[PDB]
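A.B. asks: So I've got this experimental structure, pasted below with the sequence.
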Amino acid sequence: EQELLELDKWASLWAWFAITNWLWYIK
């Protein structure tokens with residue numbers, strides 16, 4: 001099994017910060 005201690009579960013978080021796809025809503 002794999003909980004949130006594996007780098008994979010934490011890897012999606014590093015990608016989260018760069019979620020700058022909501023900035024386009026503000027033209």
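C.D. replies: All right, it came through fine. Numbering: from 1, shown residues only.
A.B. asks: which residue ends up closest to the midpoint of the chain in space?
C.D. replies: Nearest to the mean C-alpha position of the chain, by CA atoms, centre = their mean, lies residue 16 at 2.2 Å.
A.B. asks: Show me the contact partners of the helix or strand harbouring it.
C.D. replies: Assigned by DSSP states H and E, residue 16 belongs to helix 7-17. The contact list for helix 7-17, computed with CB atoms under 8 Å, 6 or more residues apart in numbering, reads 2-4. (C-beta placed from N, C-alpha, C; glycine too.)
A.B. asks: could those residues be laid out in TSV, adding neighbour count and distance to residue 24?
C.D. replies: Shown next, in TSV, are the contacts of helix 7-17 (neighbours: other CB atoms under 10 Å; distance: CB to CB, whole Å):
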residue	neighbour count	distance to residue 24
2	7	34
3	6	35
4	8	30
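A.B. asks: which one of those sits closest to residue 26?
C.D. replies: Nearest to residue 26 among the contacts of helix 7-17 is residue 4, at 32.2 Å by CB to CB.
A.B. asks: how far away is that closest one from residue 23?
C.D. replies: Per CB to CB, to the nearest Å, residue 4 is found 28 Å from residue 23.
A.B. asks: again with residue 12
C.D. replies: In terms of CB to CB, residue 12 sits 20 Å off from residue 23.
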